[PDB]
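# Fold and geometry: a report
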Amino acid sequence: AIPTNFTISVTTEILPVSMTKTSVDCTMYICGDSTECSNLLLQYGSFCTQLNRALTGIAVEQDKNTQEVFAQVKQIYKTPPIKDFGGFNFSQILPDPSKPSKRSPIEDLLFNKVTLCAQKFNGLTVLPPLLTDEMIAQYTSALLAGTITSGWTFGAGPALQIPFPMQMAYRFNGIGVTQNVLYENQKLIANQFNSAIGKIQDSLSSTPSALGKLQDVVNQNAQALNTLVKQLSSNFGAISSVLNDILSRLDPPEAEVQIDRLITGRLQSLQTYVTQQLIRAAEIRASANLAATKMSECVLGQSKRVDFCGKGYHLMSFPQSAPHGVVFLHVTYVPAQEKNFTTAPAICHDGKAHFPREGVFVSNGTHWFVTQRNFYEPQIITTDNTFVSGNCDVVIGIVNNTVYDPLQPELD
Amino acid sequence: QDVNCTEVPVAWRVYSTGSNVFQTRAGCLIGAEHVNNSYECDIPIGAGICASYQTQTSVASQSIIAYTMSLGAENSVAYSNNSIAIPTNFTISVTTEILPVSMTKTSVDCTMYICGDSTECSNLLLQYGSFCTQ
Amino acid sequence: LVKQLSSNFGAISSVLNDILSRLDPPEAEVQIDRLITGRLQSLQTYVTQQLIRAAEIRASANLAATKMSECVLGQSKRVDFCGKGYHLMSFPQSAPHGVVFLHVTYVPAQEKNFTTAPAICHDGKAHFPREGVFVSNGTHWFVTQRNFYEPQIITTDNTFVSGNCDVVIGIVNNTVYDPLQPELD
Ligand SMILES: *[C@@H]1O[C@H](CO)[C@@H](O[C@@H]2O[C@H](CO)[C@@H](O[C@@H]3O[C@H](CO)[C@@H](O)[C@H](O)[C@@H]3O)[C@H](O)[C@H]2NC(C)=O)[C@H](O)[C@H]1NC(C)=O
Ligand SMILES: *[C@@H]1O[C@H](CO)[C@@H](O[C@@H]2O[C@H](CO)[C@@H](O[C@@H]3O[C@H](CO)[C@@H](O)[C@H](O)[C@@H]3O)[C@H](O)[C@H]2NC(C)=O)[C@H](O)[C@H]1NC(C)=O
Ligand SMILES: *[C@@H]1O[C@H](CO)[C@@H](O[C@@H]2O[C@H](CO)[C@@H](O[C@@H]3O[C@H](CO)[C@@H](O)[C@H](O)[C@@H]3O)[C@H](O)[C@H]2NC(C)=O)[C@H](O)[C@H]1NC(C)=O
Ligand SMILES: *[C@@H]1O[C@H](CO)[C@@H](O[C@@H]2O[C@H](CO)[C@@H](O)[C@H](O)[C@H]2NC(C)=O)[C@H](O)[C@H]1NC(C)=O
Ligand SMILES: *[C@@H]1O[C@H](CO)[C@@H](O[C@@H]2O[C@H](CO)[C@@H](O)[C@H](O)[C@H]2NC(C)=O)[C@H](O)[C@H]1NC(C)=O
Ligand SMILES: *[C@@H]1O[C@H](CO)[C@@H](O)[C@H](O)[C@H]1NC(C)=O
Ligand SMILES: *[C@@H]1O[C@H](CO)[C@@H](O)[C@H](O)[C@H]1NC(C)=O
Ligand SMILES: *[C@@H]1O[C@H](CO)[C@@H](O)[C@H](O)[C@H]1NC(C)=O
């Protein structure tokens, strides 16, 4: 079964890369302005220093994650002023200078769907990220402009200019299809690419569950913080929950029991919160590493790993940013309408047996031809497309035919 | 952090107020001057602000400065619909990568760590379950 | 973990001998129980931290094993995996609780631009390169490989014919040299 047409397809993948940084003060959360609470908690050891160290480590680890997936090339490139990429239309991915935001229409659509207080209280602080969105957008724009005008060369050394049709011809001659197919159906390929890239906005704007992966971490963090805050209204087996009333209607020789019980309860609650945060950060870092690998392999070069950079034979990929995440658009090539054929392992001329150099033998029913393994184009068997090895006695299923000779003119 | 530059002297004193005061997204920075240029990043602060020593520059007057990010050197390739850039030489390069594989093995005895020679501590801890075996 | 032993944990003292001396057995159990609870939870925290660190260490070890299996015992075509640039070879070295990889790679160098053409149109037929692309000095035309500059004269061995000079865009005119000319003699 040999395909006779093809179809360019575009798929989307979403990968989280970071989670919001946060920090809590050990002393302030447990004890307020009460100094007696402070010097009662001083009885315990370094339980107010390990937690801050762990949170700081988590914060710096999250800071490092973004730099690994967006700082592959330290040389920002610019697109040419005139867009004449052989009919291709990269308007929905390239940045739009008209809008005050430096994003693209797809990036703008993404940033308007992540939308779902907590200013400051009880020693709850949120640190700002080192890299703002305005610079992640610049990194993505530079990466996008690098592949359009240079191919995969800029990912290994100096950037080499290349015409886009020639680059696509290079990429087809990486999966089996020869060069002439693109140079013939340039218009069809361009139209299919434009339609596929257009349909992405419609697909994203209609599915609320498309961006579900990025919302899960935000919701989990919000629920964890809400539980941590709500845990402050529990008596923990004492007479009350507010230290002020404990300090009033009791004696200092007796009031320490409630203070100690509340301290123990709040300390173990904070322990649970910190452990949960560390466990979540582990998976977030794993996902960030996977995203970095995907960016390095799919974008800056063609990948031959099956079902890694999209579904089907991989051709190209484009990166886009999103709030605490990245989105990959994989452009792939898949076969189409097929045809029925009969075959033969080898062709037996006089004595010698012929094997194809590249491609296989297909029989229309009367004649025979040799063709490629992924696109149907028959050619007459000659001495250039086949090589002789052995005799028509050991191979199984060989057939009979005539191998054309290309030097018949010399007879004249 | 998160303190607006008026309340800062409501906390060896020059760093409390005066000299040069800069207000950023992270907070209030005291002791550095905000230049109008852009350089490679250094000791980070936040919201794309890196502070560097970099004061070899009318005496040099070495001091700490603050500046915005610079995302590498600007570049632009000349692209037309007929243009090829073919290399003519090459260069063999060697790079190094470091990878941890393991750390030091260790073991801690449950009973000895908590209770010393005191058998009373031992038989009081025996009240709990299998916490010295897990 | 060691310094945590010098904390009273809300008791009267931190040394068990002192607790066992200036108290009564019916009363001394409270301090012992409190110290036991505190030390037990401290050890719990230490063990949990050790497990969390060990997970990451195992992940890094697995990555190092994959790198050794792929980059060393064979060439790798994965981009930016075994070093920066086109990967050629790699060498392993040991280090205290770790490994060091030396990646030997190939990168291009000084460059000169050229002008190209998708195909060359001889009489009727249209010729496409077999490997490499067409490079024009400005007067003549040549075919060369895609990673090193060495011009060669267009022949019938470096190109293959497919179609007509009517559907491709940007085809140009030139002469395809024939290799059986001496047969005329
Ligand atoms: C490259 O792609 C861009 C984006 O699709 C093209 O711009 C778009 O071109 C279409 C052409 O039909 C415009 O649609 C027209 O809009 C006007 C005004 O709303 C309407 O009266 C017409 O009936 C038609 O629907 C569209 O506005 C325009 N801009 C977008 C979609 O943002 C561009 O033309 C493409 N390049 C080339 C060379 O065609
Ligand atoms: C493809 O064509 C070849 C040659 O045209 C066929 O080879 C022939 O195979 C038959 C039996 O397989 C043999 O023919 C015999 O030859 C002896 C020679 O003395 C003769 O006495 C017999 O009466 C008989 O004709 C022989 O191996 C060979 N013949 C010749 C002339 O080469 C082959 O069978 C064909 N295969 C198919 C699938 O059609
Ligand atoms: C590369 O070579 C081809 C073949 O020589 C050139 O194609 C020529 O195109 C012109 C007009 O586009 C045509 O010539 C015309 O032929 C008719 C035949 O009756 C004649 O009456 C006209 O007066 C005119 O000469 C024809 O398609 C073809 N020339 C020939 C002799 O077949 C092509 O232009 C060349 N490339 C470049 C860039 O010049
Ligand atoms: C494919 O299967 C068919 C069906 O069995 C094979 O046809 C038979 O092949 C044997 C082997 O020589 C002959 O003896 C029979 O006479 C054939 N039957 C018919 C109806 O033709 C066929 O050979 C198989 N193909 C190959 C390459 O082995
Ligand atoms: C490469 O780009 C140039 C710039 O537009 C193209 O040159 C024009 O091509 C059209 C189409 O035939 C002509 O009508 C113009 O007269 C050309 N202008 C000049 C100044 O020559 C050129 O055709 C493009 N080449 C390819 C292969 O697309
Ligand atoms: C495919 O093989 C031949 C066509 O050469 C045809 O007779 C046969 O019925 C086809 N089989 C199917 C399942 O279509
Ligand atoms: C900080 O204080 C000044 C003067 O009191 C005020 O104008 C400014 O708006 C304050 N900062 C913010 C972020 O409001
Ligand atoms: C490309 O090379 C030509 C000479 O062949 C030269 O005239 C032109 O300036 C070069 N292009 C660039 C961008 O340097």
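Residues numbered from 1 in each chain as written, not as in the entry; some residues may be left out. Chains lettered and ligands numbered in written order. Part of a larger assembly, values for the part shown. Heavy atoms only, no water.

- cryo-EM is the method the PDB entry lists for this structure, together with a resolution of 3.51 Å.

### Section: the overall build of chain B
- From N to C terminus, chain B includes two helices and eight strands.
- Along chain B, helices (α) and strands (β) appear in the sequence β-β-β-β-β-β-β-β-α-α when read from the amino end.
- A globule of 134 residues ought to have a C-alpha radius of gyration of about 14 Å, yet chain B, at 30 Å, is considerably larger.
- Summarising its shape, the C-alpha atoms of chain B cover approximately 85 × 60 × 30 Å along the three principal directions.
- Per-residue burial over chain B gives 24% buried out of 134 residues. (Helix = DSSP H or I, 4+ residues; strand = E, 2+ residues; numbered from the N terminus. Rg over C-alpha atoms; globule rule 2.2 N^0.38 Å. Buried < 20%, exposed > 50% of the residue type's maximum accessible area, 1.4 Å probe, protein only.)

### As for the interface of chain C and chain B
- Tallying the contact residues gives 52 residues for chain C and 36 residues for chain B.
- Regarding the contact of chain C and chain B, the summed buried area is about 4,100 Å², with carbon and sulfur atoms giving 66% of it.
- When residues of chain C are sorted by the area they lose upon contact with chain B, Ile-36, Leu-40 and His-97 of chain C head the list and together hold 14% of the total.
- Joining chain C to chain B, the criterion identifies one salt bridge.
- Measuring nitrogen to oxygen at the nearest pair gives 2.5 Å for the salt bridge that ties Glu-97 of chain B to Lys-67 of chain C.
- Inspection of the chain C/chain B interface yields 16 residue pairs in polar contact.
- Ranked by residue count, the leading element in the side of chain C that touches chain B is helix α2 (residues 25–72) of chain C, at 17 residues.
- Among the residues forming the side of chain C that touches chain B, the class breakdown is 29 nonpolar, 15 polar and eight charged. (Contact = heavy atoms within 4.5 Å. Buried area = accessible area lost by both parts, 1.4 Å probe. Salt bridge = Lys/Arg side-chain N within 4 Å of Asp/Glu carboxyl O. Polar contact = N/O pair within 3.5 Å; in protein donor to acceptor, adjacent residues only side chain to side chain. Nonpolar A, V, L, I, M, F, W, Y, C, P; charged D, E, K, R; others polar.)

### A short note on the state of the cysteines
- Here the structure, examined in full by the defined rule, presents 10 disulfides over all chains.
- Note on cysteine connectivity: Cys-298 of chain A is disulfide-linked to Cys-309 of chain A, with sulfurs 2.0 Å apart. What sets the handedness of the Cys-298 of chain A and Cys-309 of chain A disulfide is the S-S torsion sign, and at about -80° it is left-handed. Separated by 11 residues along the polypeptide, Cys-298 of chain A in helix α11 (residues 252–299) and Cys-309 of chain A in the loop between α11 and β6 (313–322) bring together distant segments of the chain. With respect to class, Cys-298 of chain A is no different from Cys-309 of chain A; both count as buried.
- Covalent S-S linkage joins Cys-41 of chain B and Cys-50 of chain B, the inter-sulfur distance amounting to 2.0 Å. (Disulfide = S-S within 2.5 Å.)

### So, the UniProt feature "disulfide bond" in chain B
All names here are of chain B.
- At 2.0 Å, the distance between the sulfur atoms of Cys-5 and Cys-28 falls under 2.5 Å, matching the disulfide given in UniProt.
- Annotation check: the disulfide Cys-110-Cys-132 recorded in UniProt is satisfied, the sulfur-sulfur distance being 2.0 Å, below 2.5 Å. Residue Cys-110 is located in helix α1 (residues 110–114), and its partner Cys-132 is located in the segment after α2 (119–125); the two are separated by 22 residues in the primary sequence.
- Since its relative accessible area comes to 31%, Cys-132 is described here as partly exposed. (UniProt positions renumbered as here; feature names shortened; annotations may be inferred.)

### Concerning the UniProt feature "disulfide bond" in chain C
Residue and element names in this part refer to chain C.
- With its sulfur atoms 2.0 Å apart, the listed UniProt disulfide between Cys-71 and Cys-82 is closed in this model. Of this pair, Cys-71 sits in helix α2 while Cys-82 sits in the loop between α2 and β1 (86–95); the two residues are 11 residues apart in sequence, bridging distant segments of the chain. No difference in accessibility class separates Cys-71 from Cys-82, as the two residues are buried.
- Where 2.5 Å serves as the upper bound for a disulfide, the S to S distance of 2.0 Å between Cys-121 and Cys-165 confirms the link that UniProt reports. In this pair, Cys-121 is assigned in strand β4 (residues 120–121) and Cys-165 in the loop between β8 (159–161) and β9 (172–173), connecting sequence segments 44 residues apart.
- Given the relative accessible area of 26%, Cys-165 is considered partly exposed.

### Looking at the nonpolar core
- Membership of the largest hydrophobic core comes to 50 residues, with the highest contact counts inside it found for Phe-90, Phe-164 and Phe-318 of chain A.
- Aside from chain neighbours lying at most four places away, what touches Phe-90 of chain A is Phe-85, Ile-148, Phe-164, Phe-193 and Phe-318 of chain A.
- Counting residues in hydrophobic clusters, the runner-up holds 43 residues, among them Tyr-29, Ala-54 and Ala-281 of chain A together with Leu-43 of chain C. (Core = buried A, V, L, I, M, F, W, Y, C linked by side-chain atoms within 4.5 Å.)

### Comments concerning the interface of chain A and chain B
- With 25 residues of chain A at the interface, the matching set in chain B holds 25 residues.
- When chain A packs against chain B, close to 2,300 Å² is buried across both sides, 64% of that on carbon and sulfur atoms.
- Considering only the surface of chain A that becomes buried against chain B, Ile-76, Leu-130 and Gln-161 of chain A emerge as the three largest contributors, covering 27% of it.
- The interface formed by chain A and chain B contains zero salt bridges.
- Applying the counting rule to chain A against chain B returns four residue pairs in polar contact.
- Counting only elements with at least two residues in the side of chain A that touches chain B, the list comes to β4 (75–76), α5 (133–150) and α6 (164–172) of chain A.
- No other element matches α5 of chain A, which puts four residues into the side of chain A that touches chain B.
- Here the residues of the side of chain A that touches chain B are counted per class, giving 18 nonpolar, four polar and three charged.
- Looking at chain direction, β4 of chain A and strand β6 (residues 73–74) of chain B are connected through two bridges and run parallel. By the bridge assignment for β6 of chain B, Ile-76 of chain A is matched with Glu-74 of chain B. (Pairing = 2+ DSSP bridges.)

### Quick notes on the sheet that holds strand β5 (residues 126–129) of chain C
Residues and elements named next belong to chain C.
- Spatially, four strands are ordered β8-β5-β4-β9 in an open sheet, and the strand pairing comes out mixed. Because the sheet does not close on itself, it has two edges, and the strands there are β8 and β9.
- Pairing of β5 with β8, which is carried by three bridges, proceeds in the antiparallel orientation. Counted as the bridge partner of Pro-129 is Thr-159 from β8.

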